[PDB]
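Encoded as structure tokens, the following chain is the form deposited in one PDB entry, with no partner shown.
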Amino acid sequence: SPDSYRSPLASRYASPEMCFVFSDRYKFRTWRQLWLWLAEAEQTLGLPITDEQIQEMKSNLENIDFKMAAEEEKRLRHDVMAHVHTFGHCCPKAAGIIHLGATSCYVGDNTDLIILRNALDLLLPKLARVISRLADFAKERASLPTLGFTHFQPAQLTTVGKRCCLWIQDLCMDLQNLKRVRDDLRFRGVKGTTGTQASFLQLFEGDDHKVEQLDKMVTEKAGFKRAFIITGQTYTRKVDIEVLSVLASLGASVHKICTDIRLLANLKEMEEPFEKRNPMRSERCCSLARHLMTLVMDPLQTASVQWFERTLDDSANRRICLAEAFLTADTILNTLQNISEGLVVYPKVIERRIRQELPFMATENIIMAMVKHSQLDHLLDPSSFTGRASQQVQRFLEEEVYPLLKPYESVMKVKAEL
């Protein structure tokens, strides 16, 4: 409803798919999924849980009474316990075995880790598409000379495609980082209130092996290759630093790229798509990318003051910054893909600017000729001042870019939103 504040990330910017990943339906559904997996594995390992209790839970995974959970939360001041009661109300037989041996972080943290990994999996293809569209552009314009800029003053010629490779390289570094974080992300698993699994050890009457099995079993049900051995109550909040640092770095890359595009628009050498002509899409990318960089200080601060086995001063902050970083990243990648699909180049403006400055950039050619008038047209040919630019493009795209794009070949065809 427009009568109260609504995040522009929900109402304006981010994709439906990313919005669903950070939704409360997906969150509390996944809590129930985790409670089911715990009960399943606990029964398999010999605890007194009946087939009918398990079926009851399985039938009501998505049957979530939000109104009743809010009333319980107002009464108890504990969101996890509110949802245990609410789940126990629609599963009266199972009510007594839900959450058996566990702490709130069993559902809280593991859900957050499932969410993070799904969210990374949504970002990766979009980033790959951005890189791919820019790679097409870079190849197509590999040989098109353009005035180089250092200190934003006229400098030795480069090419439009070579400059595009500066942007592509930064984005490829981001793709490498996002892949790494996604692949190295570990599950909290089943660890108990302070990470000792003391509760589960007592439930299995001192059988260490059964405890390790339980941990490994729910880890596999959730689709993770690996779980922590060491935790406190929580997974280490250093994980949140690693994830938001990579998104912050992506922010910087996008901000630089979109800043270049905005400058190229002033120069009239290049313009973003349009369905006075302003680079509004690039400006929005910069704007949002900035927020992405800002957000890195949240998890840095959070992790630095976590006392002992956990303090709850992480919780509210994480409800805000994790979702917003991903929703912001999602919007920037979509928007940048749309930009890269529709870039318009104006070679006659590019050539005119070179003609105005190239004379100053030469003179050394004219002296070398003198040492030995009719040659002047050939000596001021812009193509000869670009050094190895077009050769650099081809070598870079082949050796460094195309191999990173290979795994996303099947999803390349999707066109952007806006």
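We call the rigid core the largest set of C-alpha positions that still match within 1.5 Å between the two forms. One rule holds for the numbers: they count along the sequence shown, beginning at 1.
Not on display, but discussed next: the form deposited in another entry.
Undergrad: With the core superposed, a Cα shift of 2 Å or more between this form and the one not shown singles out one residue among 209, 348, 77, 180. Which one is it?
TA: Per the superposition, the moving residue is 77.
Undergrad: Taking the rigid core as the frame, does residue 125 move its C-alpha by 2 Å or more between this form and the one not shown?
TA: No; residue 125 is a residue whose C-alpha shifts by less than 2 Å between this form and the one not shown when the cores are overlaid.
Undergrad: When you overlay the rigid core, is the Cα of residue 198 off by 2 Å or more between this form and the one not shown?
TA: Stays below the 2 Å threshold, so no.
Undergrad: For residue 55, state whether the C-alpha moves by 2 Å or more between this form and the one not shown after rigid core superposition.
TA: Where the cores coincide, residue 55 still shows a C-alpha shift between this form and the one not shown that is 2 Å or more.
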